[PDB]
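# Structural features, examined
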Amino acid sequence: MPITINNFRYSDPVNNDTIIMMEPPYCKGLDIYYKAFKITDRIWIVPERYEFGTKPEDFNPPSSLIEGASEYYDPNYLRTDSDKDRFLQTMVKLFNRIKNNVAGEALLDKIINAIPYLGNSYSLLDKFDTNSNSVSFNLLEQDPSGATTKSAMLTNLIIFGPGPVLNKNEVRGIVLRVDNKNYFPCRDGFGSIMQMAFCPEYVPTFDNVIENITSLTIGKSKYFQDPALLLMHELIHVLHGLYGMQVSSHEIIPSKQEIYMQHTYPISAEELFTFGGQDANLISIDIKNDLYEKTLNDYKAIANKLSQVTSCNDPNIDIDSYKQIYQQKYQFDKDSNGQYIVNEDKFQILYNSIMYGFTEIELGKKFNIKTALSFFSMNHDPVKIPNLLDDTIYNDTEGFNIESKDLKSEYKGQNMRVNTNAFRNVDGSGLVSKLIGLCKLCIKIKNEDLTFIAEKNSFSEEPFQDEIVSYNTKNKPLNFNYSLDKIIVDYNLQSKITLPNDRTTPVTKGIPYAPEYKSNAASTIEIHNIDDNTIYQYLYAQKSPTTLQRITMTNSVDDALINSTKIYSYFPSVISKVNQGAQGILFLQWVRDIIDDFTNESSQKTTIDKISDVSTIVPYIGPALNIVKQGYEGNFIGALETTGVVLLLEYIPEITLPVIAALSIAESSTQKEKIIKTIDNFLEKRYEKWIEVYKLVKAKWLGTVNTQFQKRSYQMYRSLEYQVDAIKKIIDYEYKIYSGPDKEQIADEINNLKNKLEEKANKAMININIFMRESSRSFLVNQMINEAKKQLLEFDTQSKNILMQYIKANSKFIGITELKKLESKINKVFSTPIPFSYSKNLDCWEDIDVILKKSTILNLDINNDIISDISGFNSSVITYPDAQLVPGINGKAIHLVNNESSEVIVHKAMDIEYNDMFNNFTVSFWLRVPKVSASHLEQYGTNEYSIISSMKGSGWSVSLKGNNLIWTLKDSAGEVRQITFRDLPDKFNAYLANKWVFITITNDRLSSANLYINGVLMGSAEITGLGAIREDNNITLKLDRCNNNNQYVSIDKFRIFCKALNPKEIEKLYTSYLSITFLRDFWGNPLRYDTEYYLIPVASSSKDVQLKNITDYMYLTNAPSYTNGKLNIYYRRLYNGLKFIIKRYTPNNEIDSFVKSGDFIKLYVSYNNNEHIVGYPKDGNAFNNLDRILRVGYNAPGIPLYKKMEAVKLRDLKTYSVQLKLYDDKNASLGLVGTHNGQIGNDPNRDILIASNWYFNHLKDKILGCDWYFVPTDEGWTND
Ligand SMILES: CC(=O)N[C@H]1[C@H](O[C@@H]2[C@H](O[C@]3(C(=O)O)C[C@H](O)[C@@H](NC(C)=O)[C@H]([C@H](O)[C@H](O)CO)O3)[C@@H](O)[C@H](O[C@H]3[C@H](O)[C@@H](O)[C@H](O)O[C@@H]3CO)O[C@@H]2CO)O[C@H](CO)[C@H](O)[C@@H]1O[C@@H]1O[C@H](CO)[C@H](O)[C@H](O[C@]2(C(=O)O)C[C@H](O)[C@@H](NC(C)=O)[C@H]([C@H](O)[C@H](O)CO)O2)[C@H]1O
Ligand SMILES: [Zn+2]
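Residues are labelled from 1 along each chain in written sequence order, independent of how the entry numbers them, and those without coordinates are excluded. The naming scheme follows written order: chains are lettered A onward, ligands numbered 1 onward. Excluding hydrogens and water, the side-chain values take into account all heavy atoms of the structure.

Method of determination, as annotated in the archive: X-ray crystallography, at 2.60 Å resolution.

Written out as structure tokens, the structure reads:
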């Protein structure tokens, strides 16, 4: 099964197998040849620049660009034989990186097995044809005596080096010339050779700025992209081409009218589907249907075409072998005659896998590579990566994000502020941009800084037309997605189908013409002469001079433009202070007053009562960006109250909809009885209209309105950078001039308060991004969708009077059968509106998995040390500097210490903010509290502190008081209801004594609220007759009012459901977090190699393990306990008995620290600062000759010692136990490790440690003597 990647050097000799001389498809007949190398099955690499269709002068750098983002040119790339070897070696490493993940293995396999059809729309119907440059290329094979021989070969993909532009990779199918037109077999369903132009060293860069999640220690930062994902991106385009499903219509065109508008290339639907995420909804649902239907016709044509094939131009090709392959590829069935047909259920799955399965965003996640979340995210200048062939920079299992260099965490290997050895800037000679001038003083602006705004005529109007319903009209699926996990699962189950030999007869039919290269070169810049000040002048006015000179801040934009030393600002309190030169006073108050003024100015928030949707408004947007209304100087909030959020948009969109044509009924015939399916269809197709029009509005919003709100954030980030940079330069001049005695000592505290600026500008961007994100949403959900609802209601009322005039016309066929009188009352459904869903369609009201997913409204997960919400409503999650990460139940958990900085804040999405008020909800999470000491119960036992809460006032909270766990509701009136859980006194079996436990708190309003722990009911309280609950916007995870400075907790899998869960649903939720893959220690954390552990038997938990002597046996003895009557606590003392260490039986270089079930291991006892092996000696003493007595550090000359053990988890999934299986020399089971009562030699009676196969016949017992706790020493448990 596993895919193989060939190795070679460019100098290696031609071998007529994996290294050949190729005549490429657009050199057909010309006898031009190039050395080419077979990377794997059906994929060739040609180390040459993509020159097809070009002139030599195209490769040189132009002065300016016509369209798009920046482009790097260099004619000398890939010129020499060293350059070509560098290219070849680098592509091999990138293919190896792809193969080393199962998601990339799966992608490669689909590509390889998707062979092009031998023929197309303009070939002979009865014949497989290989004579075409669309499916075959010629090659030259030399003999010993130099005697050449023309041959040919079928293939799927050929990879070349880049065209004129190095940083713009391309994928194209072969074009055919038919009746003086271009024909593409990769768009008709047949497929063809696909040709790639790829450059691995020159990569795009992006940033962090718009994202919902934010860490105050990460800040904002630029990242560069991993070339392997860039390769996979292009490979997805190849995959579409090979299945003949390439998409060329329905492009999104940018508007170019206004100056602020971005001049990009037209965005294809191909690129939006390939990238993935939310921006694939730029193509409306109705357009997705036309595409689906087009490919279905195409594949039907091919099914009929394939059925009629009886010969081929190649004698050697077995025809039946290819037909089985094409039936496999295209997912055809056979009918009873033997002709190939399209099974539509099978087609729907195939179609969805290819278009909507593999995306850049999903591959990013599987590979742990960072990507941008939006297609409109900002691009910066590209960088280059000179050392891809250095494993200290880039390796074939982790790329840049190497764990052994602490570069996996937070994608730091890609972060440009951290991993500075991995990249270098490109030299300016070859880098060209699209710039525009703004003259008033002329300033130049990069095209990358402008705003994309879509042309209106690029969106569909098919949903406003007349749809004719009949008896036999079908439903539109409305389902265009496919899980990448499902593709991997199916890939593993595949039987290994094998391709035919790919040599064929010589190729002569094609035409050696590539389409002409379309130049992006421009001679001049577009220059605009303007009267007034736009946003770009306001930002240019904030730029500091690149020189260490006296600087000042003014509130006049024109002052700052003209005067070099002066800078524009919108913070009055900060302007006052920085201009004032502090004379005769210490810097303490001087500098502090610069900082805590900037804090007070930058942190401003407010709300507008009239706008419910927007939780956060930042008033200083207007002055910073010149967003102001006539007769509202210094009054931004007044402008928002009157106009609304549309004030923020530079381009004001036309949000009207035309008349939605009412449905018509054409099925007049009532020849057959029960023609009531015509009534069903009409009602279905009415439901489809609402979804079609809703999604069309969403598409237009994304391309036209949301893009504007995104650029506001980027603009605000630039200004906050400029302002902060000005201040950090102001403060340095007054420090250099300062000639005081304290100067040398105070230097570190000055630089300490300059980092404090960055901290508060980051806190401001959190406010700003909330503001722009929620405003954009508000404008969609209110303004734009109301216009849809108006025309959708008009559409309904009209369409009923067509429906019921048809029921009246055929009224005599449905009476006297409970059908007519039933179906006036059925039109309650027609009276009800169909609601709009901005994010996730939630259903709070039989399959337990589906009920839980469908009702989840918040769900915290940690991936690569980033906490985020994976529920579907992407709530903002803010992680503060001293929130920490520790081992969790499946990954990592949040850890909270007792200081101001240790905090995680979840600002709820606007789609869910009032779900607490009147309705039921469940809260669930994993909890780990350390065992409270004797002293700390005396001191703090009274002190109640909260750990998680949503209180303003009104809300809910989770809290701890001594060894008691407390749930607390609280309404708007002030009424309080509570549950209190008293923890068990036996701390070895207690729920709040240093183990991971699963909490679940259901709330039914018309009943009681219940507390569960590990799926078991522990407390209850009556909620009935409690007022409406009005929460805070945020949910805080923090220790609050806790006097113990040493106190800490750990929280994992925080989750909120929009219903009250029943106990069957809680049982499934609890068990779903418990896997068999990784083993666990006594505390619930992952079991580890090379770590000391005390063993306790689960069946006799009061016992410790002891050693009679070295070279001898182990046995059980009682463990001391601790007791305390007045505090009501007792337990067996931990950390007595032997220490055990687990090591790998067969060690390897690169493995994890974690012990997986099924691992083969050696076990040692650590005694007297020495590690002695545990095992069974050959023919050694055993009870009943079957229960085999274990020995520690046994060594006799002749006798062997069996020591091979397997760490496994065979029973009792809820308990943190482990079993251990001993083997002999030849993989025969000597038994699981446990105990047996008896007497060795003349010793006393003891429970001696053994290995026995007896345990295998009692694995269903409640308590069993082969289950072991592995207990490490832990800070959260010490003996009193
Ligand atoms: C009871 C006993 O002594 N069992 C030990 C066993 O002895 C053999 C015979 O036992 C069976 C059995 O497993 O029950 C009888 C079955 O019919 C046999 N099944 C077959 C052939 O299909 C089965 C097999 O032969 C073996 O499993 C091997 O595959 O053995 C036992 O009945 C017999 O007893 C008599 C005999 O009838 C007469 O000739 C004469 O009166 O004397 C003998 C000796 O008593 O002898 C057989 C031996 O030749 O042999 C196995 C060897 O694998 C074990 O030693 C087994 O003892 C058990 O060993 C395990 C692992 O070492 C634990 O030590 C068990 O201890 C615990 C436990 O569950 O962990 C400790 C608990 O504290 C204890 N609880 C209490 C309250 O006492 C339990 C409890 O005794 C129960 O047995 C639990 O089910 O045991 C230990 O019992
Ligand atoms: Zn692309």
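## Notes on the coordination of the zinc ion (ligand 2)
Surrounding the zinc ion (ligand 2) are the protein donor atoms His233 (NE2) and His237 (NE2), at 2.5 Å. Here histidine 233 pairs with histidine 237, and both are found in helix α3 (residues 227-242), just four residues apart, close to one helical turn. Across the pair, exposure class does not vary: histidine 233 and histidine 237 are buried alike. In this listing, donors mean N, O and S atoms no farther than 2.8 Å from the metal, or 3.2 Å for Na, K and Ca; water is missing from the atoms, so a site can look incomplete. Per the convention used, a helix needs a DSSP run of H or I reaching at least four residues, while a strand needs a run of E reaching at least two, with both numbered from the N terminus. Throughout, exposure labels follow a simple rule: accessible area from a 1.4 Å probe, protein chains only, divided by the maximum for the residue type, with under 20% read as buried, over 50% as exposed, and the rest as partly exposed.

## As for the sheet that holds strand β29 (residues 526-529)
In short, DSSP must find at least two bridges between two strands for them to pair. With mixed pairing, the three strands of this open sheet are ordered in space as β25-β24-β29. Of all strands in the sheet, those with a lone pairing partner are β25 (442-446) and β29, marking the two edges. Pairs of neighbouring strands in the sheet enclose a mean axial angle of 25 degrees, with direction left out of account. Of the strand pairs in this sheet, strand β24 (residues 435-439) and β29 are connected by four bridges, and their pairing is parallel. Residue pairing across strands places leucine 438 opposite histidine 528, the latter belonging to β29. Whenever a helix is involved, its axis is fitted only over the stretch in contact; in every case the axis is a line through C-alpha atoms, and angles between N-to-C directions fall within 0 to 180 degrees.

## What to know about the state of the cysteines
Here, the term disulfide refers to a pair of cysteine sulfur atoms separated by no more than 2.5 Å. Inspection of every chain in the model, using the stated rule, returns two disulfides. One disulfide bridge connects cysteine 439 with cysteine 442, the sulfur atoms lying 2.0 Å from each other. Residues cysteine 439 and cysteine 442 are joined through a disulfide that is right-handed, its torsion about the S-S bond being 115 degrees. Relative accessible area serves as the criterion here: at 10%, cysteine 439 is assigned to the buried category. Across the chain, the way the bonded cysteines pair up, counted in sequence order, is 1-2, 3-4.

## Structural notes on the pattern of salt bridges
Each salt bridge in this description consists of a side-chain nitrogen of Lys or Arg and a carboxyl oxygen of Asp or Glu lying within 4 Å of one another. Tallied over the full model, the rule gives 55 salt bridges. Here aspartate 502 makes a salt bridge to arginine 42, at a shortest N to O gap of 3.7 Å. The salt bridge involving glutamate 1031 is made with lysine 908; its shortest N-O contact spans 3.0 Å. Taken as a pair, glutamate 1031 and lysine 908 share a single burial class, namely buried. Ionic contacts of the salt-bridge type, sharing partners, join the residues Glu467, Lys685, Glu688 and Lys689 into one network.

## Brief notes about the sheet that holds strand β22 (residues 424-425)
Judged by pairing direction, the sheet is antiparallel, and its three strands sit side by side in the order β14-β21-β22 without closing on themselves. This sheet does not close on itself; its edge strands, each paired only once, are β14 (202-203) and β22. Examined bridge by bridge, β14 and strand β21 (residues 383-384) share two bridges and lie antiparallel to one another. Among the inter-strand pairings, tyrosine 202 is bridged to a residue of β21, identified as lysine 384.

## Re the packing of helix α5 (residues 285-307) against helix α7 (residues 344-356)
As a packed pair, α5 and α7 sit with axes 11 Å apart at the nearest point and diverge in direction by 120 degrees. Taken as axis vectors, α5 and α7 run oblique relative to one another. The two elements α5 and α7 cross, and the hand of that crossing is right-handed. For the pair α5 and α7, contact is made by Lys288, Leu291, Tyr292, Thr295, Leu296 and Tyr299 and by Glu344, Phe347, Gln348, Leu350, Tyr351 and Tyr356, respectively. Partitioned by chemical class, the residues of the contact of α5 with α7 number eight nonpolar, two polar and two charged. We call two directions roughly parallel when the angle between them is under 35 degrees, roughly antiparallel when it is over 145, roughly perpendicular when it lies between 65 and 115, and oblique otherwise. A clockwise turn of the near helix away from the far one marks a right-handed crossing, whereas an anticlockwise turn of less than a right angle marks a left-handed crossing. Any two residues having at least one pair of non-hydrogen atoms within 4.5 Å are treated as being in contact. Ten residues, namely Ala, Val, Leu, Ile, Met, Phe, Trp, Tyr, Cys and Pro, are considered nonpolar, four, namely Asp, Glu, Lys and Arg, are considered charged, and the remaining ones, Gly among them, are considered polar.

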